[PDB]
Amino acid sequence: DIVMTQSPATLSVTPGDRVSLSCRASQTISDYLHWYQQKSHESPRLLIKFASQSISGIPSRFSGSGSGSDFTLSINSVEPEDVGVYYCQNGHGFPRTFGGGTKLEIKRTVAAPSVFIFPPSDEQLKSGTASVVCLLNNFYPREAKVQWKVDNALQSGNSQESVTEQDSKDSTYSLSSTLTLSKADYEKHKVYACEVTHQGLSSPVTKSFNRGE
């Protein structure tokens, strides 16, 4: 029942940094430890095997070190395309186990979101539910507060958010928030507003529409 620990779970770094990622084994496994990276929407690929042996076709900025119970994956001069999750795996001990992964994020300059609001389609309104969608596009940092107001009344408990992974080119995030109302409640109000708070905005930004305009 070997346990592989990766800490921290998330690591934000600066392009050009020499980055070190940690892996710890609950027991001695000498140098029998492998490293994988999984970029978003890809399968994992082997970076390093047996603690320090480089794999053909892997960029030379990746290297590994350590033996026994503590291991390090090095990235010398990290790049924006290195964003992803890094996993260690024991090569000794049973079963062959993966660490929980360290998600690497790239720090960049602050980029304010471009905010868009979408009313529900006439087609969806026929079926008894209304979905109002607010898009925050290509922003950084990931931290962003979206508040829904319906005739300037704050809404609670009827919205869900979804965030993309950090882009490998511009290192930004995108986010969507969906407000779900019944068609009956939706037709009782005029102003639907999406209010965005973010570091890149000198003041919270509101995008709105009037039902039936």
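When you see a residue number, it is the position in the sequence shown, counting from 1.
The stretch 115 to 123 shows the higher mean C-alpha B-factor when 115 to 123 is compared against 83 to 91 in the entry. When the two stretches 17 to 25 and 201 to 209 are set side by side, the higher mean Cα temperature factor goes to 201 to 209. Of the candidates 164, 52, 152, 172, the PDB record gives 152 the highest C-alpha temperature factor. Looking only at 58, 144, 33, 179, the residue with the top Cα B factor in the deposited structure is 144. Among the modelled residues of its chain, residue 157 has a C-alpha B-factor that falls in the highest third according to the deposited record.
Looking at the C-alpha B-factors along this chain, the one for residue 130 belongs to the middle third. Annotation for residue 188: C-alpha temperature factor in the highest third relative to the rest of the modelled chain, per the entry. Annotation for residue 76: CA B-factor lies in the middle third of the chain's modelled residues. When the modelled residues of the chain are ordered by C-alpha B-factor, residue 107 sits in the middle third.
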